[PDB]
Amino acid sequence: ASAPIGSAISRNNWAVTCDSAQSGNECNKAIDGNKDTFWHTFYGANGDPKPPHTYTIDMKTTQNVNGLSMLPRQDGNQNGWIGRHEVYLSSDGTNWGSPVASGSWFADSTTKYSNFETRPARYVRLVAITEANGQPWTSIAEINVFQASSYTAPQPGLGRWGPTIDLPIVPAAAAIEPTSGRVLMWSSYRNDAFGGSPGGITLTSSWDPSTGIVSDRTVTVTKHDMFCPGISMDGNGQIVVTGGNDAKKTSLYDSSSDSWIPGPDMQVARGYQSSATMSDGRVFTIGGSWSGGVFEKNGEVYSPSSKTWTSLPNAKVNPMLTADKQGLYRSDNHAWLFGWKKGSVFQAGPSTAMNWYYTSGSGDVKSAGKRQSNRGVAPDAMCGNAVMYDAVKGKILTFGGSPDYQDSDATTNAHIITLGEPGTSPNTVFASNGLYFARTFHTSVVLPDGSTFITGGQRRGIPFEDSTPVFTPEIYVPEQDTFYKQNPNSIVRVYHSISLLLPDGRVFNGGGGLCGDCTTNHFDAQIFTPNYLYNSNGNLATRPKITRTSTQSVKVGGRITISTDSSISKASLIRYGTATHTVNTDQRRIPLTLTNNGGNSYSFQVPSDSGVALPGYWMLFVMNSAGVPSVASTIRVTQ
C-alpha cells in the first residue's frame, strides 16, 4: 500500500468539472464517498474520446494542499486506470502554472497518490494523459485532496523542493543513463515488494528530465531480480549490477543501446555488497552477506574486456567487518569503497577500521588506521554515507549511520579523510561540528561546486518504518568547513531511498519502503533545486552556456577546450552516479584548473592518474562569477 502525507479535505461544498462524463458515471461520482461509484468518460453511445481526460476541483476556499489520492474503479474492470498524469494547482482556476506532480501510476486497482510540497490553492486539477493499458477512457471511483496543518513559505537562499515525480515502482535502486540523461530505477520482482521473489525478474522504470515521461520495462533476459545489489559503472560505459535477490548474477546495463546484457556470474553469491570501479575500468567487490549465504566473502574482480569475474581470496573481508549485533549477515554490508591509484580500492568504513584493498595477484588488504579525530575514535557507522568531493586532493566526507544496521541510534559524526598513496594511513579529522541531524538511511550527492547535499534518513534505523524522520537536508561547504540546513521536504526518505545528481545540476531524491502491504512505500521522487540556481530575486538564475567542446571523449592526462557564452570562474567534472541502500561508489568530483585563452575560450587537463579520474562518463560543469553552474556537458573519460 502507500499513504498521503496530509489529511483529507472535507468535500461537502466542492464543485467538480470533467472533460466528459457518461450518464450514470457523472463527474461528482468521484466525490460521493462511495467506492462502488465512479466517474467514467464518454464511451459507446457518446463515442470514445481519447485522453488526455481532465478532473477539475473547485474547493471554494484556499487550502494548504500537499497531495491528492485517486482510487480506481473497484468493480474488477480495468477500463480507465490512469497511467501518465499531471497534477496542477491554482488560486484562480484559469492560471495553472507547471505541474506540482507528474509521472505514471502502476496498472492496477490500488489507491494511487500524488504527494507534494504544501502549496496554498483553491483549485486542483488531475490530468489523465494516458490510460494504463492504452485505451481511450478515464475512470475514478474516489478522488481526495490532502492538506498540511500549516504553510510556511520556503526560506530565501535555502533551495527549493519540487516537483514530485510519480512512479509505478518504489525506486530502491537508481542510476543516471549518461548517454540519454534519463534516470533509470528498479525495484525487484514486484513494483512494491521483494519478499517472496522466485528470482529471474526485475521491474524497472525510467524518468526523462527533458520530456517528463516515466516509462517502465520488465527485465528477464539477464535472469536476475536485481534487488539489493552491488552497482558500478565500468570503464566500458556499462552499469554492472551484481547479486541481491539472485545472489550470483551479473546484469549489464548499456546506456548507448538502452539495453540489458547478461554478465558473467560472480564467483561468490552476494547481497548488499558494495562494488567499486577501479583505475583500470574493472570492478572490485567484497562482502555482501544479505544473500547467497552468510560467510566470509573476500574480494573478486570483474573484467569488462574478458567478461569474467576472478576471485581475489587474499583481499580479505575480515579487517573491514563492523561489530554489528546481528553478526556477519550485516557486518560486511555496504562498504564505503572508492577506486583509487594503481588498481587499489580504499575502504573508508562503515567499520571504524579503514583499509586499503589491492587487486594485483590474488588480492591483498592493508590497515589504513581508524577513522577518528581529536573527538575520539569514530564508532561503526553502518549506512553512513561517504562522498569523494575532491578526488584531486583525495578528499572524502563521511557522515551519519549507526553502530548496527537496525534498532540502533544514528549519529551526527562526520569526518574528512584525505587520501594519499595506497598503503599509507590517511589523515582524518572531524568535519565542522558534525551533522545538524543524526541520520541513517540518508542519501547524498556531490554538487558541481564541491559541496555535498545530504538528505532524508531517520534518527533510529527501523527499516520499512517512517519513524523519527529527518525532513531538513544539509549541505557541507568544504571551503567553509560548515554545514547548512536547506529548506525541508515533506516526504519521508528512509530505508530504500536514493539520491542522484541530475545533468541539470539539481538532485533527484526518491524511493523508500518496498514492503508490500505496508503503507510506507513511496512510489515517487522529488527534485531539489539548490540555491546556486536562484537569483537573489528568488527567480531562477541565468545559467552560463557551454557553446562548444573540442571533444566528447578524452584520455586521462588529455586536454579539453571549450567556449562559453560568458566568463567562467570555476569548472568541475562530476562522475555520473549510481545509488542503492545509501551506497554510491561511482560519483566523485574533480575540480578543474582552467587556462583562460581569452574571448571566453578555456582549456583544462583531465588528471593524468586514472585512480583519480576513474574511467567512465562524467559531467562537465562550468560556473560563472555569480556561482551559477551550466547544465552538464557529457564527457567520456578513457585510459
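Note that residue numbering follows the sequence shown and begins at 1.
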**Request:** Report the stretch with the higher mean CA temperature factor, choosing between 426 to 434 and 348 to 356 on the basis of the entry.
**Result:** 426 to 434
**Item:** Stretch with the higher entry mean CA B-factor, where the candidates are 11 to 19 and 620 to 628
**Value:** 11 to 19
**Out of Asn509, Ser257, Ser102, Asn521, highest CA B-factor residue** = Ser257
**Prompt:** Of the options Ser210, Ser206, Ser188, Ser232, which has the highest CA B factor as deposited?
**Reply:** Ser210
**Asked** Based on the entry's values, in what third of the chain does the Cα temperature factor of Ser608 lie: lowest, middle or highest?
**Response** middle
**Complete:** Split the chain's modelled residues into thirds by Cα B-factor; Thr443 lands in the lowest
**Complete:** Tertile call for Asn34 (CA temperature factor, within chain, third-based) is the highest
**Asked** Based on the entry's values, in what third of the chain does the Cα temperature factor of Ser291 lie: lowest, middle or highest?
**Response** middle
**Prompt:** How does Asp75 rank on Cα B-factor within its chain, lowest, middle or highest third?
**Reply:** highest
